[PDB]
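Shown below: final-v6.json, with JSON, C-alpha atoms.
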```
[["chain", "number", "residue", "atom", "x", "y", "z"],
["M", 1, "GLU", "CA", 22.90, 217.44, 172.98],
["M", 2, "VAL", "CA", 22.15, 218.58, 176.53],
["M", 3, "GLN", "CA", 18.91, 217.08, 177.85],
["M", 4, "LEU", "CA", 17.04, 217.03, 181.16],
["M", 5, "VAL", "CA", 14.46, 214.24, 181.48],
["M", 6, "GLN", "CA", 11.95, 214.29, 184.34],
["M", 7, "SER", "CA", 9.87, 211.56, 185.95],
["M", 8, "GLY", "CA", 6.22, 210.90, 185.11],
["M", 9, "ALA", "CA", 3.00, 212.51, 186.31],
["M", 10, "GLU", "CA", 1.92, 212.05, 189.95],
["M", 11, "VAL", "CA", -1.47, 212.10, 191.66],
["M", 12, "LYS", "CA", -1.52, 212.49, 195.44],
["M", 13, "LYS", "CA", -3.64, 213.57, 198.37],
["M", 14, "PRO", "CA", -2.69, 216.37, 200.82],
["M", 15, "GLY", "CA", -0.23, 215.26, 203.48],
["M", 16, "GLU", "CA", 1.44, 212.63, 201.35],
["M", 17, "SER", "CA", 5.15, 212.73, 200.64],
["M", 18, "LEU", "CA", 6.44, 212.76, 197.08],
["M", 19, "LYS", "CA", 9.85, 212.72, 195.40],
["M", 20, "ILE", "CA", 10.28, 213.57, 191.70],
["M", 21, "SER", "CA", 13.44, 213.35, 189.64],
["M", 22, "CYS", "CA", 15.40, 215.19, 186.96],
["M", 23, "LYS", "CA", 18.05, 213.25, 184.98],
["M", 24, "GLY", "CA", 20.76, 215.12, 183.10],
["M", 25, "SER", "CA", 22.48, 213.82, 179.97],
["M", 26, "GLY", "CA", 25.01, 215.10, 177.45],
["M", 27, "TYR", "CA", 26.98, 217.31, 179.85],
["M", 28, "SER", "CA", 29.05, 217.20, 183.04],
["M", 29, "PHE", "CA", 26.38, 217.09, 185.75],
["M", 30, "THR", "CA", 28.46, 218.50, 188.61],
["M", 31, "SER", "CA", 29.51, 221.58, 186.60],
["M", 32, "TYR", "CA", 26.01, 223.12, 186.51],
["M", 33, "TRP", "CA", 23.46, 223.97, 189.16],
["M", 34, "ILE", "CA", 19.90, 222.61, 188.94],
["M", 35, "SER", "CA", 16.94, 224.91, 189.69],
["M", 36, "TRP", "CA", 13.36, 223.79, 190.28],
["M", 37, "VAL", "CA", 10.57, 225.96, 188.82],
["M", 38, "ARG", "CA", 6.83, 225.61, 189.46],
["M", 39, "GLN", "CA", 3.86, 226.65, 187.33],
["M", 40, "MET", "CA", 0.52, 226.33, 189.09],
["M", 41, "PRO", "CA", -2.47, 226.10, 186.71],
["M", 42, "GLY", "CA", -2.97, 229.50, 185.08],
["M", 43, "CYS", "CA", -0.01, 231.11, 186.88],
["M", 44, "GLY", "CA", 3.43, 232.31, 185.90],
["M", 45, "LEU", "CA", 6.72, 230.57, 186.54],
["M", 46, "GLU", "CA", 7.99, 230.48, 190.16],
["M", 47, "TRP", "CA", 11.60, 229.73, 191.11],
["M", 48, "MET", "CA", 11.58, 227.28, 194.06],
["M", 49, "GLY", "CA", 15.24, 226.69, 194.81],
["M", 50, "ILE", "CA", 18.55, 225.48, 193.47],
["M", 51, "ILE", "CA", 21.20, 222.84, 194.18],
["M", 52, "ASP", "CA", 24.90, 222.64, 193.36],
["M", 53, "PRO", "CA", 25.33, 218.93, 192.56],
["M", 54, "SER", "CA", 29.06, 219.00, 193.32],
["M", 55, "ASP", "CA", 28.41, 219.37, 197.06],
["M", 56, "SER", "CA", 24.58, 219.40, 197.47],
["M", 57, "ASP", "CA", 24.61, 223.01, 198.69],
["M", 58, "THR", "CA", 21.08, 224.39, 198.33],
["M", 59, "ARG", "CA", 19.19, 227.68, 198.41],
["M", 60, "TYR", "CA", 15.42, 228.04, 198.59],
["M", 61, "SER", "CA", 12.91, 230.73, 197.80],
["M", 62, "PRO", "CA", 11.41, 231.82, 201.15],
["M", 63, "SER", "CA", 7.97, 230.60, 199.98],
["M", 64, "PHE", "CA", 9.32, 227.04, 199.69],
["M", 65, "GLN", "CA", 11.92, 226.80, 202.47],
["M", 66, "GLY", "CA", 10.79, 224.14, 204.94],
["M", 67, "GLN", "CA", 8.18, 222.78, 202.49],
["M", 68, "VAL", "CA", 10.49, 221.04, 200.00],
["M", 69, "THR", "CA", 13.94, 219.47, 199.92],
["M", 70, "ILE", "CA", 16.14, 219.57, 196.82],
["M", 71, "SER", "CA", 18.78, 216.84, 196.64],
["M", 72, "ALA", "CA", 21.08, 215.26, 194.08],
["M", 73, "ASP", "CA", 22.78, 211.96, 193.35],
["M", 74, "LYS", "CA", 25.75, 213.10, 191.31],
["M", 75, "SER", "CA", 26.87, 209.54, 190.55],
["M", 76, "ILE", "CA", 23.79, 209.14, 188.29],
["M", 77, "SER", "CA", 23.38, 212.79, 187.20],
["M", 78, "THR", "CA", 19.97, 213.09, 188.89],
["M", 79, "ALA", "CA", 18.46, 215.95, 190.89],
["M", 80, "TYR", "CA", 15.39, 215.49, 193.07],
["M", 81, "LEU", "CA", 12.57, 217.57, 194.52],
["M", 82, "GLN", "CA", 10.82, 216.17, 197.59],
["M", 83, "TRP", "CA", 7.80, 217.12, 199.70],
["M", 84, "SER", "CA", 7.17, 215.80, 203.18],
["M", 85, "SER", "CA", 3.53, 216.98, 203.17],
["M", 86, "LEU", "CA", 1.90, 217.97, 199.88],
["M", 87, "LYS", "CA", -0.62, 220.83, 199.96],
["M", 88, "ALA", "CA", -3.63, 221.19, 197.69],
["M", 89, "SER", "CA", -1.95, 224.29, 196.26],
["M", 90, "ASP", "CA", 1.07, 222.21, 195.19],
["M", 91, "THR", "CA", -0.90, 221.16, 192.08],
["M", 92, "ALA", "CA", 1.37, 222.41, 189.29],
["M", 93, "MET", "CA", 3.75, 221.58, 186.48],
["M", 94, "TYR", "CA", 7.27, 221.24, 187.93],
["M", 95, "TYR", "CA", 10.30, 221.95, 185.74],
["M", 96, "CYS", "CA", 13.97, 221.44, 186.39],
["M", 97, "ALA", "CA", 16.46, 223.65, 184.60],
["M", 98, "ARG", "CA", 20.26, 223.84, 184.28],
["M", 99, "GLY", "CA", 22.58, 226.80, 184.71],
["M", 100, "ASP", "CA", 26.01, 227.89, 185.87],
["M", 101, "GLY", "CA", 25.70, 231.66, 186.26],
["M", 102, "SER", "CA", 26.84, 232.42, 182.69],
["M", 103, "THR", "CA", 23.77, 231.68, 180.52],
["M", 104, "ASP", "CA", 20.89, 231.89, 183.05],
["M", 105, "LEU", "CA", 18.64, 228.76, 182.82],
["M", 106, "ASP", "CA", 19.79, 227.40, 179.50],
["M", 107, "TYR", "CA", 18.22, 223.91, 179.31],
["M", 108, "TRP", "CA", 14.91, 222.77, 180.77],
["M", 109, "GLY", "CA", 13.31, 219.42, 181.51],
["M", 110, "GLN", "CA", 9.97, 218.56, 179.92],
["M", 111, "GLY", "CA", 8.02, 219.00, 183.16],
["M", 112, "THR", "CA", 6.37, 216.71, 185.72],
["M", 113, "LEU", "CA", 2.68, 217.24, 186.43],
["M", 114, "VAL", "CA", 1.84, 216.86, 190.13],
["M", 115, "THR", "CA", -1.86, 216.80, 191.02],
["M", 116, "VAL", "CA", -3.01, 217.04, 194.66],
["M", 117, "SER", "CA", -6.67, 216.60, 195.59],
["M", 118, "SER", "CA", -8.92, 218.89, 197.68],
["M", 124, "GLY", "CA", -4.83, 231.36, 193.29],
["M", 125, "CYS", "CA", -1.55, 232.72, 191.99],
["M", 126, "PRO", "CA", 1.17, 234.61, 193.85],
["M", 127, "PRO", "CA", 0.69, 238.35, 193.35],
["M", 128, "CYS", "CA", 2.27, 239.60, 190.14],
["M", 129, "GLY", "CA", 3.15, 242.89, 191.81],
["M", 130, "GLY", "CA", 5.19, 241.10, 194.48],
["M", 131, "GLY", "CA", 4.72, 240.07, 198.09],
["M", 132, "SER", "CA", 6.14, 241.04, 201.45],
["M", 133, "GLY", "CA", 9.39, 239.11, 200.97],
["M", 134, "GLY", "CA", 11.51, 241.87, 199.44],
["M", 135, "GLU", "CA", 12.20, 239.96, 196.21],
["M", 136, "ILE", "CA", 13.12, 241.72, 192.96],
["M", 137, "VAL", "CA", 9.87, 242.15, 191.03],
["M", 138, "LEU", "CA", 9.84, 241.99, 187.23],
["M", 139, "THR", "CA", 6.81, 243.73, 185.70],
["M", 140, "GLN", "CA", 5.92, 242.76, 182.13],
["M", 141, "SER", "CA", 3.86, 245.03, 179.84],
["M", 142, "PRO", "CA", 1.40, 244.51, 178.54],
["M", 143, "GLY", "CA", 0.05, 241.23, 179.91],
["M", 144, "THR", "CA", -1.45, 240.32, 176.51],
["M", 145, "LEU", "CA", -0.40, 241.49, 173.04],
["M", 146, "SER", "CA", -2.75, 240.93, 170.08],
["M", 147, "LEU", "CA", -0.95, 241.36, 166.76],
["M", 148, "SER", "CA", -1.23, 240.05, 163.25],
["M", 149, "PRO", "CA", 1.25, 237.56, 161.78],
["M", 150, "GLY", "CA", 4.24, 239.32, 160.27],
["M", 151, "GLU", "CA", 3.95, 242.33, 162.58],
["M", 152, "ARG", "CA", 6.79, 243.47, 164.83],
["M", 153, "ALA", "CA", 6.33, 242.72, 168.54],
["M", 154, "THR", "CA", 7.91, 244.69, 171.41],
["M", 155, "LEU", "CA", 7.73, 243.33, 174.95],
["M", 156, "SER", "CA", 8.76, 245.20, 178.09],
["M", 157, "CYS", "CA", 10.26, 243.96, 181.37],
["M", 158, "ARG", "CA", 10.82, 246.44, 184.22],
["M", 159, "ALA", "CA", 12.68, 245.52, 187.37],
["M", 160, "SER", "CA", 11.93, 246.93, 190.82],
["M", 161, "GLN", "CA", 15.68, 247.44, 191.33],
["M", 162, "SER", "CA", 18.68, 247.66, 189.01],
["M", 163, "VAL", "CA", 19.85, 244.26, 187.77],
["M", 164, "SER", "CA", 23.16, 243.67, 186.04],
["M", 165, "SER", "CA", 22.48, 242.99, 182.37],
["M", 166, "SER", "CA", 24.43, 239.72, 182.60],
["M", 167, "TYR", "CA", 21.66, 238.28, 184.81],
["M", 168, "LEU", "CA", 18.46, 239.16, 182.89],
["M", 169, "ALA", "CA", 17.01, 236.47, 180.62],
["M", 170, "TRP", "CA", 13.97, 235.90, 178.39],
["M", 171, "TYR", "CA", 12.16, 232.56, 177.99],
["M", 172, "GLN", "CA", 9.59, 231.43, 175.46],
["M", 173, "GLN", "CA", 6.85, 228.99, 176.50],
["M", 174, "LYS", "CA", 4.94, 227.73, 173.49],
["M", 175, "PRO", "CA", 1.45, 226.40, 174.28],
["M", 176, "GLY", "CA", 1.61, 223.12, 176.15],
["M", 177, "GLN", "CA", 5.43, 222.99, 176.18],
["M", 178, "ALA", "CA", 8.18, 223.64, 178.70],
["M", 179, "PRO", "CA", 9.87, 227.07, 178.70],
["M", 180, "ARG", "CA", 13.07, 227.40, 176.70],
["M", 181, "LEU", "CA", 15.82, 229.99, 176.90],
["M", 182, "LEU", "CA", 15.50, 232.72, 174.28],
["M", 183, "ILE", "CA", 17.86, 235.56, 175.34],
["M", 184, "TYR", "CA", 20.49, 235.46, 178.08],
["M", 185, "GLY", "CA", 22.47, 238.33, 179.56],
["M", 186, "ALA", "CA", 19.82, 240.79, 178.29],
["M", 187, "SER", "CA", 21.00, 240.74, 174.66],
["M", 188, "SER", "CA", 22.57, 237.37, 173.71],
["M", 189, "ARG", "CA", 20.55, 234.91, 171.63],
["M", 190, "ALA", "CA", 20.68, 231.35, 172.92],
["M", 191, "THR", "CA", 21.95, 228.68, 170.57],
["M", 192, "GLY", "CA", 19.51, 227.77, 167.81],
["M", 193, "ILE", "CA", 17.15, 230.69, 168.51],
["M", 194, "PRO", "CA", 15.97, 232.51, 165.33],
["M", 195, "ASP", "CA", 17.58, 235.88, 164.84],
["M", 196, "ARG", "CA", 14.24, 237.68, 164.57],
["M", 197, "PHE", "CA", 14.46, 237.61, 168.39],
["M", 198, "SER", "CA", 16.62, 240.25, 170.04],
["M", 199, "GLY", "CA", 16.95, 241.67, 173.53],
["M", 200, "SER", "CA", 18.21, 245.00, 174.82],
["M", 201, "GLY", "CA", 18.26, 247.16, 177.92],
["M", 202, "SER", "CA", 20.06, 247.61, 181.21],
["M", 203, "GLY", "CA", 19.40, 248.70, 184.76],
["M", 204, "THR", "CA", 15.65, 248.44, 185.31],
["M", 205, "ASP", "CA", 14.31, 248.56, 181.73],
["M", 206, "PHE", "CA", 14.58, 245.64, 179.31],
["M", 207, "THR", "CA", 13.01, 244.91, 175.93],
["M", 208, "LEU", "CA", 12.42, 241.81, 173.83],
["M", 209, "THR", "CA", 11.77, 242.46, 170.13],
["M", 210, "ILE", "CA", 10.41, 239.99, 167.57],
["M", 211, "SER", "CA", 11.12, 241.57, 164.19],
["M", 212, "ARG", "CA", 8.22, 239.69, 162.58],
["M", 213, "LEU", "CA", 5.70, 237.37, 164.22],
["M", 214, "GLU", "CA", 5.88, 233.98, 162.59],
["M", 215, "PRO", "CA", 3.14, 231.38, 163.24],
["M", 216, "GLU", "CA", 5.30, 229.50, 165.74],
["M", 217, "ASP", "CA", 5.95, 232.70, 167.79],
["M", 218, "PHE", "CA", 2.44, 232.93, 169.29],
["M", 219, "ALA", "CA", 3.31, 231.89, 172.83],
["M", 220, "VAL", "CA", 3.99, 233.35, 176.29],
["M", 221, "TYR", "CA", 7.27, 235.16, 177.02],
["M", 222, "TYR", "CA", 8.78, 235.48, 180.51],
["M", 223, "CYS", "CA", 11.64, 237.60, 181.72],
["M", 224, "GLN", "CA", 13.74, 236.44, 184.63],
["M", 225, "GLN", "CA", 16.59, 237.65, 186.82],
["M", 226, "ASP", "CA", 19.23, 235.69, 188.71],
["M", 227, "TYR", "CA", 21.12, 238.70, 190.06],
["M", 228, "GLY", "CA", 19.62, 238.41, 193.55],
["M", 229, "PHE", "CA", 17.79, 235.87, 195.68],
["M", 230, "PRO", "CA", 15.20, 234.60, 195.36],
["M", 231, "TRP", "CA", 15.50, 234.41, 191.58],
["M", 232, "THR", "CA", 12.28, 235.72, 190.04],
["M", 233, "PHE", "CA", 10.25, 235.67, 186.83],
["M", 234, "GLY", "CA", 7.89, 238.24, 185.38],
["M", 235, "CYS", "CA", 4.26, 237.18, 185.10],
["M", 236, "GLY", "CA", 4.58, 236.83, 181.33],
["M", 237, "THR", "CA", 3.24, 238.48, 178.19],
["M", 238, "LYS", "CA", 0.90, 236.35, 176.07],
["M", 239, "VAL", "CA", 1.34, 237.05, 172.35],
["M", 240, "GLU", "CA", -1.81, 236.06, 170.44],
["M", 241, "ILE", "CA", -3.20, 236.50, 166.93],
["M", 242, "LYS", "CA", -5.40, 239.54, 166.33],
["M", 243, "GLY", "CA", -8.93, 238.73, 165.21],
["M", 244, "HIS", "CA", -9.57, 239.33, 161.52]]
```
The structure in this file should be written as structure tokens.
Amino acid sequence: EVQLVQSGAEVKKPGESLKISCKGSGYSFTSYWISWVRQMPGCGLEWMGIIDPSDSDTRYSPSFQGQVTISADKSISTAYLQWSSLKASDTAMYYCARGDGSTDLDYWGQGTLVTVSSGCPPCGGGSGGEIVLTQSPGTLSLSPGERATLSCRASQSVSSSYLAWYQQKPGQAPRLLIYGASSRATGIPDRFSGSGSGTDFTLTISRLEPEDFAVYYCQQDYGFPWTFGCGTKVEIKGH
């Protein structure tokens, strides 16, 4: 089985340096890129940057360029995320995730909590020109057994091969649900299905089972920086 295992929780003060790690197992490390993804408390997922372990080529979201360094030691299948000077706003769960441009981010580490002593990026997008994914509605309250329909709209056309859906169950790391707009990832129940193209995408859950109450994120890796929607929380209707 493919696994990514991350290092333990860290507590730091602003200004301190920090390096956290992501160890891959069960697959050829150099054949897949490693992305780093941040989730500040109460916020959605943010793509930070990516490394190709074969040659250590990197790309960074403009928000993180110059703040962090992504590196890799391919001889021990480990990727790293390093700060020279932590900020108070770097308090977050940090995830690493594998991909190769065919199945979006198909395996995720379990997360490293980084706490720094001493708000969220705007869901409607900032001044950077990134592709914005808008998810409707932000919260869906339904009864168990009901059908759930979630929407993801992109600010520009994205090739269907590069639109994915992730499920984040409470307190867990995200996992890949749908890749390439309509393909179910391995092991995912077939009550989940995705459709759409261009700027309009849909995730359907044919019946809400108890384990499906969670948060669902869409994501695109068609253009840089890669981006996530702000998520739709699916919760149980009061009765």
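The nearest approach to residue M:218 among the residues M:159, M:145, M:88, M:169, with all atoms listed in the file taken into account, belongs to M:145.
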- Message: With distances taken over all atoms listed in the file, which residue among M:28, M:91, M:56, M:173 lies nearest residue M:110?
- Response: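 Under the stated criterion, the closest residue is M:173.
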Per-residue nearest contacts stretch 81-168 of chain M to stretch 179-193 of chain M, cut-off 6 Å, using all atoms listed in the file, as JSON lines:
```
{"residue": "M:103", "atom": "CA", "partner": "M:184", "partner_atom": "CA", "distance": 5.6}
{"residue": "M:106", "atom": "CA", "partner": "M:181", "partner_atom": "CA", "distance": 5.4}
{"residue": "M:165", "atom": "CA", "partner": "M:186", "partner_atom": "CA", "distance": 5.3}
{"residue": "M:166", "atom": "CA", "partner": "M:185", "partner_atom": "CA", "distance": 3.9}
{"residue": "M:167", "atom": "CA", "partner": "M:185", "partner_atom": "CA", "distance": 5.3}
{"residue": "M:168", "atom": "CA", "partner": "M:186", "partner_atom": "CA", "distance": 5.1}
```
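Distances to residue M:243 were evaluated for M:160, M:146, M:207, M:17 using only C-alpha atoms, and the minimum falls at M:146.
In this comparison, which uses all atoms listed in the file, the residue of M:111, M:175, M:234, M:15 approaching residue M:90 most closely is M:15.
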- M:162, M:35, M:139, M:71: which is nearest residue M:94, counting only C-alpha atoms?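 Of the candidates, the smallest distance to residue M:94 is held by M:35.
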- Item | Atom pair atom CA of residue M:68 / atom CA of residue M:83: separation (Å) |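 Answer for the atom CA of residue M:68 to atom CA of residue M:83 separation: 4.8 Å.
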- Task: Quick one: everything within 7 Å of residue M:38, counting only C-alpha atoms, minus sequence neighbours fewer than 2 positions away in the same chain. Send it as a list in words.
- Result: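 Near neighbours after the sequence-gap exclusion: residues 36, 40, 45, 46, 47, 48, 92, 93, 94 and 95 of chain M.
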Would you export the selected residues with C-alpha atoms as a PDB file, in the frame of the given file, please?
```
ATOM      1  CA  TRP M  36      13.360 223.790 190.280  1.00  0.00           C
ATOM      2  CA  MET M  40       0.520 226.330 189.090  1.00  0.00           C
ATOM      3  CA  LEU M  45       6.720 230.570 186.540  1.00  0.00           C
ATOM      4  CA  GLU M  46       7.990 230.480 190.160  1.00  0.00           C
ATOM      5  CA  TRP M  47      11.600 229.730 191.110  1.00  0.00           C
ATOM      6  CA  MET M  48      11.580 227.280 194.060  1.00  0.00           C
ATOM      7  CA  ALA M  92       1.370 222.410 189.290  1.00  0.00           C
ATOM      8  CA  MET M  93       3.750 221.580 186.480  1.00  0.00           C
ATOM      9  CA  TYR M  94       7.270 221.240 187.930  1.00  0.00           C
ATOM     10  CA  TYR M  95      10.300 221.950 185.740  1.00  0.00           C
TER      11      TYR M  95
END
```
Completed stretch 23-38 of chain M (N, CA, C and O atoms) as a PDB file, in the coordinates of the input:
```pdb
ATOM      1  N   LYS M  23      16.822 213.911 185.443  1.00  0.00           N
ATOM      2  CA  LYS M  23      18.050 213.250 184.980  1.00  0.00           C
ATOM      3  C   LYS M  23      18.735 214.058 183.892  1.00  0.00           C
ATOM      4  O   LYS M  23      18.126 214.353 182.858  1.00  0.00           O
ATOM      5  N   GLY M  24      20.011 214.385 184.095  1.00  0.00           N
ATOM      6  CA  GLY M  24      20.760 215.120 183.100  1.00  0.00           C
ATOM      7  C   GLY M  24      21.568 214.205 182.181  1.00  0.00           C
ATOM      8  O   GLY M  24      22.038 213.148 182.581  1.00  0.00           O
ATOM      9  N   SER M  25      21.722 214.617 180.924  1.00  0.00           N
ATOM     10  CA  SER M  25      22.480 213.820 179.970  1.00  0.00           C
ATOM     11  C   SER M  25      23.155 214.751 178.981  1.00  0.00           C
ATOM     12  O   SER M  25      22.647 215.837 178.692  1.00  0.00           O
ATOM     13  N   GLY M  26      24.292 214.317 178.442  1.00  0.00           N
ATOM     14  CA  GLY M  26      25.010 215.100 177.450  1.00  0.00           C
ATOM     15  C   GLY M  26      25.862 216.236 177.984  1.00  0.00           C
ATOM     16  O   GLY M  26      26.266 217.110 177.202  1.00  0.00           O
ATOM     17  N   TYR M  27      26.160 216.255 179.279  1.00  0.00           N
ATOM     18  CA  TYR M  27      26.980 217.310 179.850  1.00  0.00           C
ATOM     19  C   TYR M  27      27.472 216.833 181.212  1.00  0.00           C
ATOM     20  O   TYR M  27      26.964 215.858 181.769  1.00  0.00           O
ATOM     21  N   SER M  28      28.476 217.530 181.739  1.00  0.00           N
ATOM     22  CA  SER M  28      29.050 217.200 183.040  1.00  0.00           C
ATOM     23  C   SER M  28      28.128 217.695 184.142  1.00  0.00           C
ATOM     24  O   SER M  28      28.079 218.897 184.429  1.00  0.00           O
ATOM     25  N   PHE M  29      27.423 216.760 184.778  1.00  0.00           N
ATOM     26  CA  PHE M  29      26.380 217.090 185.750  1.00  0.00           C
ATOM     27  C   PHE M  29      26.874 218.019 186.848  1.00  0.00           C
ATOM     28  O   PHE M  29      26.202 218.997 187.189  1.00  0.00           O
ATOM     29  N   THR M  30      28.039 217.732 187.430  1.00  0.00           N
ATOM     30  CA  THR M  30      28.460 218.500 188.610  1.00  0.00           C
ATOM     31  C   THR M  30      28.899 219.916 188.280  1.00  0.00           C
ATOM     32  O   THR M  30      29.104 220.705 189.209  1.00  0.00           O
ATOM     33  N   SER M  31      29.040 220.266 187.004  1.00  0.00           N
ATOM     34  CA  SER M  31      29.510 221.580 186.600  1.00  0.00           C
ATOM     35  C   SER M  31      28.390 222.608 186.497  1.00  0.00           C
ATOM     36  O   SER M  31      28.672 223.785 186.253  1.00  0.00           O
ATOM     37  N   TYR M  32      27.137 222.204 186.663  1.00  0.00           N
ATOM     38  CA  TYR M  32      26.010 223.120 186.510  1.00  0.00           C
ATOM     39  C   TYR M  32      25.044 222.947 187.666  1.00  0.00           C
ATOM     40  O   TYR M  32      24.809 221.828 188.133  1.00  0.00           O
ATOM     41  N   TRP M  33      24.450 224.046 188.101  1.00  0.00           N
ATOM     42  CA  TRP M  33      23.460 223.970 189.160  1.00  0.00           C
ATOM     43  C   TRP M  33      22.110 223.581 188.559  1.00  0.00           C
ATOM     44  O   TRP M  33      21.864 223.794 187.374  1.00  0.00           O
ATOM     45  N   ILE M  34      21.248 222.976 189.372  1.00  0.00           N
ATOM     46  CA  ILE M  34      19.900 222.610 188.940  1.00  0.00           C
ATOM     47  C   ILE M  34      18.907 223.428 189.755  1.00  0.00           C
ATOM     48  O   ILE M  34      18.898 223.336 190.988  1.00  0.00           O
ATOM     49  N   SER M  35      18.047 224.177 189.068  1.00  0.00           N
ATOM     50  CA  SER M  35      16.940 224.910 189.690  1.00  0.00           C
ATOM     51  C   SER M  35      15.642 224.138 189.485  1.00  0.00           C
ATOM     52  O   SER M  35      15.477 223.428 188.492  1.00  0.00           O
ATOM     53  N   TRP M  36      14.718 224.286 190.435  1.00  0.00           N
ATOM     54  CA  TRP M  36      13.360 223.790 190.280  1.00  0.00           C
ATOM     55  C   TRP M  36      12.399 224.965 190.145  1.00  0.00           C
ATOM     56  O   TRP M  36      12.488 225.934 190.907  1.00  0.00           O
ATOM     57  N   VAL M  37      11.475 224.868 189.186  1.00  0.00           N
ATOM     58  CA  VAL M  37      10.570 225.960 188.820  1.00  0.00           C
ATOM     59  C   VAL M  37       9.159 225.391 188.756  1.00  0.00           C
ATOM     60  O   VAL M  37       8.938 224.340 188.148  1.00  0.00           O
ATOM     61  N   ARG M  38       8.209 226.075 189.376  1.00  0.00           N
ATOM     62  CA  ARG M  38       6.830 225.610 189.460  1.00  0.00           C
ATOM     63  C   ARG M  38       5.923 226.485 188.599  1.00  0.00           C
ATOM     64  O   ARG M  38       6.164 227.680 188.438  1.00  0.00           O
TER      65      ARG M  38
END
```
